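Mind the numbering: the sequence shown is residues 4 to 125, 127 to 260 in the deposited numbering, read in order.
What follows is a set of notes on a single structure, which appears directly below.
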Amino acid sequence: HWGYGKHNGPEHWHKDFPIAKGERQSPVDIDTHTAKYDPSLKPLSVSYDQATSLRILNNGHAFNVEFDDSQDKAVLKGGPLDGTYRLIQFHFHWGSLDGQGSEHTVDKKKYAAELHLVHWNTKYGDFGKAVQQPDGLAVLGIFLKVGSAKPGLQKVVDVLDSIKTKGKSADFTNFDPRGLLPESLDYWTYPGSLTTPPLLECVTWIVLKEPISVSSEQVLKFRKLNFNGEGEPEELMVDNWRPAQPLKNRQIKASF
Ligand SMILES: N[C@@H](Cc1c[nH]c2ccccc12)C(=O)O
Ligand SMILES: [Zn+2]
């Protein structure tokens, strides 16, 4: 099926998912000199104090940290958003080398990785209905650069050896996603899509300006994960990022 290689990677996705060539695809390059400050944006509210993580899953393309989204516990509101969006999962995209890995770019600059906190609009009742709506999802994107370790990431790094291969999961309760956030919530926002098949055009993207730093040893552990299943030959899970797609006359707004 779809993947990140020569034969099944982003250049091929349009065949099973024609929307890959659509009008609001993600990621995009953020041209900081074209983005305009928007005084009408309300402040962003990231409310993760009551977040309830359940499980971490290697899905053969990345790893998902899943949350209990059956009540308002971990929510995003404000900024460009109307109403309340509940956190369902987070995951990362990363490179084989520190010079690449993010999906969004900033004036063409690629970061070592990018974190996506995925949230659905509680007016649509659940995730599956939300992804049929142009305002169904809100993704909080955070860049990772290699430098100092991120302490709040280490519980994730240390569980990775237990989910090396496709289909493996592990209990992952009491993980606090507040430990993954940079200091500043300054952000760019634009309308876009999920960045993996089925590439649904349902996302208000909120991309924070300030990257988090993670250590070389932390990202190296991401690169030890496998795309393949247990029992299959080793295919390191690296370079699971889609490159920048055409902006097509969308406007990126700045909160700052
Ligand atoms: N089952 C998916 C998400 C999903 C697919 N269809 C849905 C319908 C309703 C709610 C959620 C879903 C998951 O969490 O892996
Ligand atoms: Zn993603």
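Just so it is clear, CB atoms sit at the ideal spot from N, CA and C, and this is done for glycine as well.
Taking the alpha carbon of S50 as the point to measure from, which residue in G183, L204, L240, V211 has its own alpha carbon closest?
Residue numbering aside, residue 50 sits at position 47 when the sequence shown is read from its first letter. Closest by alpha carbon: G183.
Three-state secondary structure (DSSP) at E221?
Residue mapping note: residue 221 aligns to position 217 of the sequence shown, counting from 1. Three-state DSSP puts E221 in a helix.
Between the segment 20-29 and the segment 201-213, are three or more C-beta pairs nearer than 8 Å?
yes
Under 7 Å: does the beta carbon of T108 sit that close to some heavy atom of ligand 2?
Here residue 108 corresponds to residue number 105 of the sequence shown, with the count starting at 1. Answer for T108: no, Cβ out of range of ligand 2.
When DSSP labels each residue in this structure, what does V135 get in the three-state scheme?
To locate residue 135, count along the sequence shown from 1; it is residue 131. Coil at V135, not helix or strand.
Over the uninterrupted beta strand (DSSP E) stretch that includes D175, give me the two end residues.
By one-based count along the sequence shown, residue 175 stands at place 171. Its beta strand (DSSP E) spans residues 173-175.
Could you round the C-beta distance between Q28 and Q249 to whole angstroms and report it? I think they count as a contact, below 8 Å.
On the sequence shown, position 25 is the one that residue 28 refers to. On the sequence shown, position 245 is the one that residue 249 refers to. That belief holds up - the Cβ atoms of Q28 and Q249 are roughly 4 Å apart, short of 8 Å.
Does the distance from the CB of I216 to the CB of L148 come in under 8 Å?
Translated into positions along the sequence shown, residue 216 becomes position 212. Translated into positions along the sequence shown, residue 148 becomes position 144. Yes, the Cβ-Cβ distance between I216 and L148 is below 8 Å.
Quick one: Cα of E214 to Cα of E69, how far?
The residue you call residue 214 lines up with position 210 of the sequence shown. The residue you call residue 69 lines up with position 66 of the sequence shown. Using only the alpha carbons, I get a separation of about 24 Å.
Leaving aside the five residues before and after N178 along the sequence, list all residues of the same chain whose C-beta is less than 7 Å from its C-beta, in chain order.
Locating residue 178 in the sequence shown gives position 174, counting from the first residue. Contacts found: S56.
Give the single residue among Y7, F66, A77, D175 whose Cα lies nearest to the Cα of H122.
For the purposes of this step, residue 122 is taken as residue 119 along the sequence shown, with counting starting at 1. Of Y7, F66, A77, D175, the residue nearest in Cα terms is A77.
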